[PDB]
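The form deposited in one PDB entry is given below as one chain in structure tokens.
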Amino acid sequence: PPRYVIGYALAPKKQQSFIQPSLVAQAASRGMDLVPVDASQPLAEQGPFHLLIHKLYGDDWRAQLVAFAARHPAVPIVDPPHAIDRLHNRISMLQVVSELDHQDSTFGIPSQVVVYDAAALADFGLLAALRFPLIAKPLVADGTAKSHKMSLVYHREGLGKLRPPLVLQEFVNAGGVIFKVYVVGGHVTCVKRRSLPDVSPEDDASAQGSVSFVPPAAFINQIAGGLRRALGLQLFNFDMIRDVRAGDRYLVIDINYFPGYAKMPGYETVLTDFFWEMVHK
């Protein structure tokens, strides 16, 4: 009964959250050995590996994965950098998701306003017919975590202070609720987040968060399945809203590589079954 080496190249803070003793031991009990990748040596001098999982960015890290992928074509990489690239530009990302087909629920993409420079952020006429609150997000991101963050914006003044180029999306047809859907291979958890039309400094109104494992479950798996086929990613979460006008249409508003799976209890079982699948194809 052979053993599988699962290499992992993660920042220390992501190691602390995701590589917990309970995951290491569960995986070792099933013949899978989680081995940290030395950031101080080339990847080519390390291993061998039966599977490689990472959350690092840079041209050096990318070169290594290209080298590695050429030297070792059979060894799965989670995820390949070419596939994480698809998230780099918010507008290209949502385009790749739009090329899905179709069920008693429909799923669409909300329209986006792209503002490239400071000047336009002042004097672009259309901005003055937007409804608040708005989701703002930098246009390009991969790397620094702040680029991955999506802001709720309550005032025109507060927009005027964001750093362009950014993407603007209306949030008013959502009923104040975002569904964050964690995916590993085939699914995991949904966080329901409720936001409000008034900020909190403006009026003392409340926001709330709950967890489950709320939109139809057969539909969420249909979506999650298509995102994975289209993006070629195995580890992502995706933000979605109900269009509460009809009340049966859903919209994908965001996608994030390798989110915080350790926040969900029982993540160790889900990720260990995933590693098992990946090293047996």
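Residue numbers here begin at 1 and follow the sequence given. For clarity, a rigid core is taken as the largest C-alpha set superposing within 1.5 Å between two forms.
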| query | finding |
| --- | --- |
| Between neighbours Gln103 and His102, residues that the deposited sequence lists but the model omits | 1 to 3 |
| Between neighbours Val214 and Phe213, residues that the deposited sequence lists but the model omits | 10 or more |
| Average Cα temperature factor in the PDB entry - higher stretch of 190-198, 113-121 | 190-198 |
| Of 254-262 and 18-26, the stretch whose C-alpha atoms average the higher B-factor in the entry | 254-262 |
| Out of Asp243, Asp239, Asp59, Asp38, highest CA B-factor residue | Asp59 |
| Selection by C-alpha B-factor (highest) of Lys180, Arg90, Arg131, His148 | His148 |
| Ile53 CA temperature factor, ranked by third within the chain | lowest |
| Within-chain third of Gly226 by Cα B-factor, per the entry | middle |
| For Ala69, the third of its chain into which the C-alpha B factor falls | highest |
| Cα B factor band for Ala141 (lowest, middle or highest third within the chain) | highest |
| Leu159 by Cα B-factor - lowest, middle or highest third of the modelled chain | highest |
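As for the form deposited in another entry, it is not shown, yet the points below apply to it.
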item	value
Answer among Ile135, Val188, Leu121, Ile77 for the CA shift between this form and the one not shown that reaches 2 Å or more, rigid core superposed	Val188
Rigid core superposition, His148 Cα moves 2 angstroms or more between this form and the one not shown	yes
Note on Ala63-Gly143 C-alpha separation in the other form, which departs from the shown form by 3 angstroms or more	farther
Sense of the change in Cα distance from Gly143 to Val270 in the other form - at least 3 Å versus the shown form	closer
